[PDB]
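Single chain ahead, written as structure tokens, the form deposited in one PDB entry.
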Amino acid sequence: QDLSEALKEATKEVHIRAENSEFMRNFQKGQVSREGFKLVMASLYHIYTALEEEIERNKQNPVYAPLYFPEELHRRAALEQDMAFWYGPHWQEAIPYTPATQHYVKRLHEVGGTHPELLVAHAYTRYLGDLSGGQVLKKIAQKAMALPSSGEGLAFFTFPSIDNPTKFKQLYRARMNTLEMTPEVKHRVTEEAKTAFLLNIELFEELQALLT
């Protein structure tokens, strides 16, 4: 069984749970505030910073390298633009770094530094969602918060180097399927993808509490 399929299958249940977190349920209904949106986007800034630091560390490592697509996929620059938009020019000392965000970052560094063969789980969980469902979330955000089609404040959700998210997704999955796989690696990769998803749920839980 192909890795791309094994991951989709292993995470379909937890994905249902993630969409139904209180924060995402409210987000999807069009009830996201600037305060709530700023918190989540600041937390992603930290998460994608860590993810992409570890990607760069492992770019030549054959357990990751076939997924090395910085120009197309990396979000850190986009998130910096969004931070300047939402938080102003002194955003680096305005933005929060919540405990659940720190916890996700920690696991990202553990994976990148000690278990790089699992980094694909984390890239899969974030980037493939951003290319799929994130495009729906973009539209809802834009409408909720009166964000302009010209894209300011939603750079995260915009992939100017990818013509067509569906075709790129199909390429990315094809390339995942070229990673050297043993039963050991495959089983732990799909476990770590479930952990990535839980880390996200835990963040959304935390943000919702901080908002109430």
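Start at 1 and count along the sequence shown; that's the residue number. Definition used throughout: the rigid core is the maximal C-alpha set that superposes within 1.5 Å between two forms.
Not on display, but discussed next: the form deposited in another entry.
Among the candidates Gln170, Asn26, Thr158, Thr178, the CA atom that moves 2 angstroms or more between the shown form and the other one after core superposition belongs to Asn26 alone. Relative to the superposed rigid core, the position of the CA of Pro96 differs between the shown form and the other one by less than 2 Å. Superposition on the rigid core between the shown form and the other one places the CA atom of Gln60 less than 2 Å from its counterpart. Once the rigid core is used as the reference frame, the Cα position of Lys106 differs between the shown form and the other one by less than 2 Å. Legend note: Cα of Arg76 to Cα of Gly30 is at least 3 Å closer in the other form than in the depicted form. Distance between the C-alpha atoms of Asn200 and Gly134: longer by at least 3 Å in the other form than in the displayed form.
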